[PDB]
Amino acid sequence: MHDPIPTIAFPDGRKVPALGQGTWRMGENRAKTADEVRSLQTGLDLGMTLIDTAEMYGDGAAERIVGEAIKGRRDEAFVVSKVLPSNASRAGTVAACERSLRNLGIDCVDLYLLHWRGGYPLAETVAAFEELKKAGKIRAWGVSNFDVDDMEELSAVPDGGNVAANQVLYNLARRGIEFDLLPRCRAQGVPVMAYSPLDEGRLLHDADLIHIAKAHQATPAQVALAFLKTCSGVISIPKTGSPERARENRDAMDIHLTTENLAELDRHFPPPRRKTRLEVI
Ligand SMILES: NC(=O)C1=CN([C@@H]2O[C@H](COP(=O)(O)OP(=O)(O)OC[C@H]3O[C@@H](n4cnc5c(N)ncnc54)[C@H](OP(=O)(O)O)[C@@H]3O)[C@@H](O)[C@H]2O)C=CC1
């Protein structure tokens, strides 16, 4: 038996499970499509109800994978997509959202993010997001790859206080946000979505992670996700094209990391002692 996945609250009061699902690199190989769809469906069945995608991912292909996975069960998914900054003018953002809705085969996305900071005024992107919300095409908007200075600029734009999430790189190998951005977002009540929670697989070769996983009869990936489960105000979004790995990732939530485990992880993956440049992928 599994314990329920912990939930994370958005500023609007909506709650989502702390473990979701990613889709970057899905939709590239026709031989993998069926299993990518099955992976997302399996995750939905197991309570990993947030699914993260973007217009960038295969230029609509990953969105179409998500659209297939949610057929006949839209209400059970919390769908996140994104607008590229090169499209984030007011008219551009509306057009991007319409393309995303068509690829996803849905009326409304749950959360719509600015993918990173670009050249169009933030006030204009936010105005588009608010228009889309009033139109019933998105339920909430947020940002991604926003450092502390980028977050500060939201207070200078109308409706900037409505930001629902900041999706940034966060995993055991990439802990920089702990010094500043993560405490700020927690204090604002803005969830951090931890992208690349396995560091795209790179973290899984770490000696200490392998050591701790062995002690729990678990995998390194499960320990990496279990670490993020201990971080309040964080939603992790691991990606896998394998339904077997979707099941494994769900089971990461059953790991009980000890006080000693957490101290050991901090020795091997040192938290930041000073402000550091936001790491991105
Ligand atoms: N906002 C942004 O700028 C960004 C957003 N993202 C989002 O975050 C999501 C997750 O990050 P992502 O970059 O995909 O990388 P992840 O850290 O989620 O790692 C994905 C890799 O790990 C493998 N994998 C998954 N589960 C396991 C497991 N249990 N054991 C071993 N290997 C495993 C996958 O292989 P396989 O699929 O073959 O199983 C894949 O190669 C993205 O898919 C995207 O939705 C990511 C980067 C940037």
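Number 281 marks the last residue of the sequence shown (the deposited numbering); no jumps. Virtual Cβ for every residue (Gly too), placed ideally from N, Cα, C.
For residue i, the residue or residues it bridges with in DSSP
i, result
"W141", "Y112"
"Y195", "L169"
"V79", "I51"
"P17", "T7"
"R30", "None; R30 has no bridge partner."
"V234", "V192"
"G60", "In DSSP, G60 forms no bridge with anything."
"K229", "DSSP output for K229 lists no bridge partner at all."
"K239", "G22"
"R174", "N171"
Nearest-angstrom beta carbon gap, residue j and residue i [assumed within contact, 8 angstroms]
i, j, result
"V192", "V223", "The pair is not a contact, with the Cβ atoms about 20 angstroms apart (cut-off 8 angstroms)."
"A54", "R90", "That pair is no contact at about 19 angstroms."
"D45", "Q21", "Not confirmed; about 11 angstroms, so no contact."
"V148", "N166", "The pair is not a contact, with the Cβ atoms about 10 angstroms apart (cut-off 8 angstroms)."
"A140", "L114", "Not a contact, Cβ separation roughly 13 angstroms."
"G241", "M26", "6 angstroms"
"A218", "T42", "About 19 angstroms separates the two Cβ atoms, so there is no contact after all."
"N103", "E63", "4 angstroms"
"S81", "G118", "So it is not a contact: roughly 17 angstroms between Cβ atoms."
"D150", "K275", "Not confirmed; about 14 angstroms, so no contact."
"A164", "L111", "6 angstroms"
"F227", "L265", "6 angstroms"
"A96", "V83", "4 angstroms"
"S196", "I138", "The Cβ separation is near 24 angstroms, so there is no contact."
"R99", "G60", "7 angstroms"
Cβ neighbours of residue i in the same chain (closer than 8 angstroms, five flanking residues each side left out)
i, result
"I106", "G67, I70, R74 and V79"
"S155", "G161"
"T230", "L257 and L262"
"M48", "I5, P17, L19, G20, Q21, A246, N249 and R250"
"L101", "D107, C108, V109 and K137"
"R184", "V148 and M151"
Close-in-space but distant-in-sequence residues of the same chain around residue i (CB under 7 angstroms, 5 per side omitted)
i, result
"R38", "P243"
"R175", "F269, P271 and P272"
"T7", "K15, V16, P17 and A18"
"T125", "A88, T93 and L114"
"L198", "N171, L204, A221, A224 and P238"
"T23", "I51, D52, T53, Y57, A62, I65, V66 and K239"
"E178", "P271 and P272"
"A9", "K15"
"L182", "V192"
"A77", "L44, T49, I51 and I70"
Neighbourhood of residue i by C-beta distance below 6 angstroms, restricted to the same chain and skipping five residues each side
i, result
"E153", "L122"
"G189", "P11"
"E36", "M26, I65 and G241"
"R186", "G233"
"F146", "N166"
"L132", "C97 and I138"
"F129", "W141"
How do the segment 214 to 232 and the segment 243 to 260 stand: do at least 3 beta-carbon pairs fall below 8 angstroms, yes or no? yes
Given 8 angstroms as the limit, is there contact between the segment 169 to 184 and the segment 195 to 204, that is, 3 or more CB pairs closer than that? yes
For the 8 angstroms Cβ check, are there 3 or more pairs between the segment 210 to 218 and the segment 149 to 161? no
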